[PDB]
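Asker: Got a file for you: target.txt, compact mmCIF, C-alpha atoms.
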# COMPACT_ATOMS: atom_id res chain seq x y z
CA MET Y 1 4.08 -7.77 -37.92
CA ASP Y 2 6.16 -10.78 -38.93
CA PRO Y 3 9.60 -10.93 -37.27
CA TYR Y 4 12.45 -10.97 -39.77
CA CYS Y 5 14.08 -14.36 -40.35
CA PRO Y 6 16.44 -15.05 -43.29
CA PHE Y 7 16.03 -18.85 -43.21
CA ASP Y 8 12.86 -20.78 -44.02
CA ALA Y 9 13.26 -24.38 -42.76
CA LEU Y 10 15.84 -27.19 -42.53
CA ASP Y 11 15.90 -30.94 -42.02
CA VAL Y 12 18.20 -33.70 -40.64
CA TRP Y 13 15.99 -36.26 -38.85
CA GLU Y 14 15.40 -36.69 -35.13
CA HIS Y 15 16.99 -39.89 -33.91
CA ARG Y 16 16.43 -39.90 -30.15
CA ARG Y 17 19.84 -41.44 -29.45
CA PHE Y 18 21.95 -39.11 -31.62
CA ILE Y 19 21.06 -35.87 -29.82
CA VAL Y 20 24.09 -33.57 -30.06
CA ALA Y 21 24.60 -29.83 -29.49
CA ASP Y 22 21.75 -29.51 -27.04
CA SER Y 23 19.77 -26.42 -28.01
CA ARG Y 24 16.28 -25.55 -26.80
CA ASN Y 25 13.23 -25.02 -28.97
CA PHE Y 26 10.62 -22.33 -28.44
CA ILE Y 27 7.85 -24.10 -26.56
CA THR Y 28 4.42 -23.10 -27.79
CA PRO Y 29 0.87 -23.92 -26.77
CA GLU Y 30 -1.57 -25.98 -28.85
CA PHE Y 31 -4.43 -23.46 -28.82
CA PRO Y 32 -5.12 -20.84 -31.50
CA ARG Y 33 -3.55 -17.49 -30.68
CA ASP Y 34 -6.71 -15.35 -30.72
CA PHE Y 35 -7.52 -16.11 -27.08
CA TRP Y 36 -4.08 -15.30 -25.79
CA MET Y 37 -5.87 -12.04 -25.28
CA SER Y 38 -4.67 -8.47 -25.24
CA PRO Y 39 -2.56 -6.68 -22.59
CA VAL Y 40 -4.73 -4.56 -20.28
CA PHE Y 41 -3.67 -2.91 -17.02
CA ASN Y 42 -6.26 -0.48 -15.67
CA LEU Y 43 -5.62 2.13 -13.01
CA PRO Y 44 -7.49 2.52 -9.75
CA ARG Y 45 -9.34 5.81 -10.11
CA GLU Y 46 -8.52 6.71 -6.52
CA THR Y 47 -5.18 8.32 -7.19
CA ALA Y 48 -2.09 8.75 -5.03
CA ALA Y 49 -3.23 12.38 -4.81
CA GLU Y 50 -6.88 11.51 -4.09
CA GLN Y 51 -6.04 9.27 -1.13
CA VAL Y 52 -3.94 12.17 0.18
CA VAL Y 53 -7.01 14.43 0.00
CA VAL Y 54 -9.29 11.90 1.70
CA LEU Y 55 -6.86 11.03 4.50
CA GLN Y 56 -5.99 14.70 5.07
CA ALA Y 57 -9.69 15.51 5.40
CA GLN Y 58 -9.93 12.67 7.94
CA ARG Y 59 -6.86 13.97 9.82
CA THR Y 60 -8.32 17.49 9.98
CA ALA Y 61 -11.65 16.09 11.17
CA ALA Y 62 -9.92 14.06 13.90
CA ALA Y 63 -7.88 17.08 15.03
CA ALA Y 64 -11.09 18.98 15.84
CA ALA Y 65 -12.29 16.12 18.06
CA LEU Y 66 -8.87 15.94 19.73
CA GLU Y 67 -9.05 19.67 20.48
CA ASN Y 68 -12.61 19.28 21.78
CA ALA Y 69 -11.46 16.54 24.16
CA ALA Y 70 -8.44 18.60 25.24
CA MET Y 71 -10.60 21.65 25.99
CA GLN Y 72 -13.03 19.41 27.89
CA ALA Y 73 -10.12 18.04 29.94
CA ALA Y 74 -8.32 21.40 30.23
CA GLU Y 75 -10.95 22.71 32.68
CA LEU Y 76 -10.44 20.04 35.35
CA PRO Y 77 -7.39 21.83 36.88
CA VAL Y 78 -9.61 24.91 37.19
CA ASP Y 79 -12.31 22.77 38.83
CA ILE Y 80 -9.92 21.42 41.46
CA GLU Y 81 -8.76 24.89 42.54
CA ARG Y 82 -12.32 26.26 42.33
CA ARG Y 83 -13.85 23.51 44.49
CA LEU Y 84 -11.14 22.75 47.06
CA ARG Y 85 -10.10 26.30 48.05
CA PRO Y 86 -13.51 27.13 49.61
CA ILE Y 87 -13.39 23.80 51.45
CA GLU Y 88 -9.91 24.61 52.75
CA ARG Y 89 -11.17 28.00 53.93
CA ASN Y 90 -14.13 26.35 55.67
CA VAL Y 91 -11.74 23.97 57.44
CA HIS Y 92 -9.59 26.98 58.38
CA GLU Y 93 -12.67 28.60 59.96
CA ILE Y 94 -12.49 25.90 62.65
CA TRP I 1 11.85 -41.21 -34.14
CA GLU I 2 9.99 -37.94 -34.66
CA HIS I 3 9.68 -35.17 -37.26
CA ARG I 4 9.19 -31.40 -37.25
CA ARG I 5 10.23 -28.34 -39.20
CA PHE I 6 13.01 -26.06 -37.99
CA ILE I 7 13.95 -22.38 -37.93
CA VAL I 8 17.58 -21.38 -37.41
CA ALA I 9 18.20 -19.12 -34.41
CA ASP I 10 20.56 -16.64 -36.06
CA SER I 11 21.77 -13.40 -34.50
CA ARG I 12 20.24 -11.55 -37.47
CA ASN I 13 16.70 -12.40 -36.30
CA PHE I 14 15.47 -8.98 -35.14
CA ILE I 15 12.03 -7.58 -34.32
CA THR I 16 10.41 -4.26 -35.25
CA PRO I 17 7.71 -2.90 -32.92
CA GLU I 18 5.65 0.23 -33.52
CA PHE I 19 5.48 3.06 -31.04
CA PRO I 20 2.63 5.56 -30.72
CA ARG I 21 3.57 9.21 -31.07
CA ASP I 22 2.37 9.98 -27.52
CA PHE I 23 3.65 6.71 -26.03
CA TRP I 24 6.69 8.12 -24.20
CA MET I 25 4.81 11.15 -22.81
CA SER I 26 3.15 9.04 -20.13
CA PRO I 27 2.54 10.13 -16.51
CA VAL I 28 4.26 6.92 -15.37
CA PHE I 29 7.61 7.03 -17.18
CA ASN I 30 7.90 10.71 -16.15
CA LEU I 31 7.94 10.72 -12.33
CA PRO I 32 8.87 13.61 -10.02
CA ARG I 33 11.28 13.25 -7.12
CA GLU I 34 8.39 13.14 -4.62
CA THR I 35 4.98 11.63 -5.38
CA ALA I 36 1.80 11.47 -3.29
CA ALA I 37 1.71 7.66 -3.22
CA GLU I 38 4.39 7.73 -0.53
CA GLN I 39 2.57 10.52 1.31
CA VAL I 40 -0.43 8.19 1.51
CA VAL I 41 1.74 5.50 3.11
CA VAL I 42 3.14 7.96 5.68
CA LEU I 43 -0.21 9.53 6.53
CA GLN I 44 -2.00 6.18 6.92
CA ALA I 45 0.75 4.98 9.27
CA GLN I 46 0.51 8.19 11.32
CA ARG I 47 -3.27 7.80 11.58
CA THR I 48 -2.90 4.18 12.71
CA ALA I 49 -0.30 5.29 15.28
CA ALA I 50 -2.70 7.90 16.63
CA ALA I 51 -5.41 5.22 16.82
CA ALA I 52 -3.37 3.07 19.24
CA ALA I 53 -2.19 6.13 21.15
CA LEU I 54 -5.88 6.90 21.70
CA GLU I 55 -6.43 3.54 23.41
CA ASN I 56 -3.27 3.99 25.50
CA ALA I 57 -4.53 7.42 26.60
CA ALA I 58 -7.99 6.00 27.33
CA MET I 59 -6.58 3.30 29.58
CA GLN I 60 -4.44 5.99 31.23
CA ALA I 61 -7.38 8.35 31.82
CA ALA I 62 -9.90 5.71 32.93
CA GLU I 63 -8.61 6.23 36.49
CA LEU I 64 -9.91 9.81 36.78
CA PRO I 65 -13.31 8.70 38.21
CA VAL I 66 -11.39 6.20 40.37
CA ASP I 67 -8.79 8.55 41.86
CA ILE I 68 -11.46 10.97 43.14
CA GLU I 69 -13.52 8.50 45.20
CA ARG I 70 -10.74 7.28 47.51
CA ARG I 71 -9.48 10.82 48.15
CA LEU I 72 -12.88 12.03 49.37
CA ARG I 73 -14.48 9.05 51.13
CA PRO I 74 -11.87 8.67 53.95
CA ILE I 75 -12.39 12.37 54.75
CA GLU I 76 -16.17 12.08 54.50
CA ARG I 77 -16.12 9.30 57.09
CA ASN I 78 -13.63 11.39 59.09
CA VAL I 79 -16.10 14.29 59.30
CA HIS I 80 -19.05 12.00 60.03
Take the structure I supplied and represent it as structure tokens, if you would.
Answerer:
Amino acid sequence: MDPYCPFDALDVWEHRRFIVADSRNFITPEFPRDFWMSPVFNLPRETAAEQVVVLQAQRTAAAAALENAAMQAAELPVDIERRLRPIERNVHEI
Amino acid sequence: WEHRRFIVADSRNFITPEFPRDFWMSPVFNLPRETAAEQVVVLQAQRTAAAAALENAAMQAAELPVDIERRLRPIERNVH
């Protein structure tokens, strides 16, 4: 698991003034690596398909209530013509 | 002054990972042209649209008990 590197180590001392050819070192933490713990990404069990099932069941349940309300409100036009026509005839009797 | 060791950043420095035999046969790398995750987003938005349409319809239909009173009372007092 060691990355390949031909060269071991080299040395020409670090005078703060004489910095030339500005490269950048690999910045590392001071803590032992063992707690830089492992990669884990876990799925939500509710799947893109499962939410489809749940929301479709909800849509189909709501459609029944919408149809119930429509059929409750679809009888009012029958009520108007069932209630007012006899009243119009009674007025006509005069 | 300061001291440290050094490792030369040569272009020959490569890295060799290991892949599992079933690594590339994942349900995530292999995606169809149409998934259900988008269908969830559409269906939730449609349900939320219907929710507000329900309140609009309720405020529209709240006048049904109101429209009947003022069409009958001025004729009731007319007869009486």
Asker: At a cut-off of 6 Å, using all atoms listed in the file, what residues contact range 9-22 of chain I? Leave out same-chain residues fewer than 2 positions from it and give the result as a PDB file with C-alpha atoms, in the frame of the given file.
Answerer:
ATOM      1  CA  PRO Y   3       9.600 -10.930 -37.270  1.00  0.00           C
ATOM      2  CA  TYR Y   4      12.450 -10.970 -39.770  1.00  0.00           C
ATOM      3  CA  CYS Y   5      14.080 -14.360 -40.350  1.00  0.00           C
TER       4      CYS Y   5
ATOM      5  CA  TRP I  24       6.690   8.120 -24.200  1.00  0.00           C
ATOM      6  CA  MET I  25       4.810  11.150 -22.810  1.00  0.00           C
TER       7      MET I  25
END
Asker: Skip residue 1 in chain I itself and residues of its chain fewer than 3 positions away, then list as JSON, numbers by chain all residues within 12 Å of it, counting only C-alpha atoms.
Answerer: {"Y": [12, 13, 14, 15, 16, 17, 18, 19], "I": [4]}
Asker: Within 12 Å of chain Y, which residues of chain I show up when using only C-alpha atoms, listed as a VMD selection string?
Answerer: chain I and resid 1 to 18 27 to 28 34 to 48 50 to 51 53 to 54 57 to 58 61 64 68 72 75 79
Asker: Would you export the selected residues with C-alpha atoms as a compact mmCIF listing (two decimals), in the coordinates of the input, please?
Answerer:
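Dumped everything to selection_34.txt:
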# COMPACT_ATOMS: atom_id res chain seq x y z
CA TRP I 1 11.85 -41.21 -34.14
CA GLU I 2 9.99 -37.94 -34.66
CA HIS I 3 9.68 -35.17 -37.26
CA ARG I 4 9.19 -31.40 -37.25
CA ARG I 5 10.23 -28.34 -39.20
CA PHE I 6 13.01 -26.06 -37.99
CA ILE I 7 13.95 -22.38 -37.93
CA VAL I 8 17.58 -21.38 -37.41
CA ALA I 9 18.20 -19.12 -34.41
CA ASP I 10 20.56 -16.64 -36.06
CA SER I 11 21.77 -13.40 -34.50
CA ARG I 12 20.24 -11.55 -37.47
CA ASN I 13 16.70 -12.40 -36.30
CA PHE I 14 15.47 -8.98 -35.14
CA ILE I 15 12.03 -7.58 -34.32
CA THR I 16 10.41 -4.26 -35.25
CA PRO I 17 7.71 -2.90 -32.92
CA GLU I 18 5.65 0.23 -33.52
CA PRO I 27 2.54 10.13 -16.51
CA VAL I 28 4.26 6.92 -15.37
CA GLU I 34 8.39 13.14 -4.62
CA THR I 35 4.98 11.63 -5.38
CA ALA I 36 1.80 11.47 -3.29
CA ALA I 37 1.71 7.66 -3.22
CA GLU I 38 4.39 7.73 -0.53
CA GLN I 39 2.57 10.52 1.31
CA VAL I 40 -0.43 8.19 1.51
CA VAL I 41 1.74 5.50 3.11
CA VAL I 42 3.14 7.96 5.68
CA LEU I 43 -0.21 9.53 6.53
CA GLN I 44 -2.00 6.18 6.92
CA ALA I 45 0.75 4.98 9.27
CA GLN I 46 0.51 8.19 11.32
CA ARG I 47 -3.27 7.80 11.58
CA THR I 48 -2.90 4.18 12.71
CA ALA I 50 -2.70 7.90 16.63
CA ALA I 51 -5.41 5.22 16.82
CA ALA I 53 -2.19 6.13 21.15
CA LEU I 54 -5.88 6.90 21.70
CA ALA I 57 -4.53 7.42 26.60
CA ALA I 58 -7.99 6.00 27.33
CA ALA I 61 -7.38 8.35 31.82
CA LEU I 64 -9.91 9.81 36.78
CA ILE I 68 -11.46 10.97 43.14
CA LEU I 72 -12.88 12.03 49.37
CA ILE I 75 -12.39 12.37 54.75
CA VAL I 79 -16.10 14.29 59.30
Asker: By how many Å are CA of residue 76 in chain Y and CA of residue 66 in chain I apart?
Answerer: 14.8 Å
Asker: Go ahead and fit an axis-aligned box to every listed atom of range 29-44 of chain I plus 4 Å each side, and pass me the centre and edge lengths in Å, one decimal, as AutoDock Vina command-line options.
Answerer:
--center_x 4.6 --center_y 9.6 --center_z -5.1 --size_x 21.3 --size_y 16.1 --size_z 32.1
Asker: At what distance in Å, to one decimal, does CA of residue 60 in chain I lie from CA of residue 73 in chain I?
Answerer: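 Here the two named atoms are 22.5 Å from each other.
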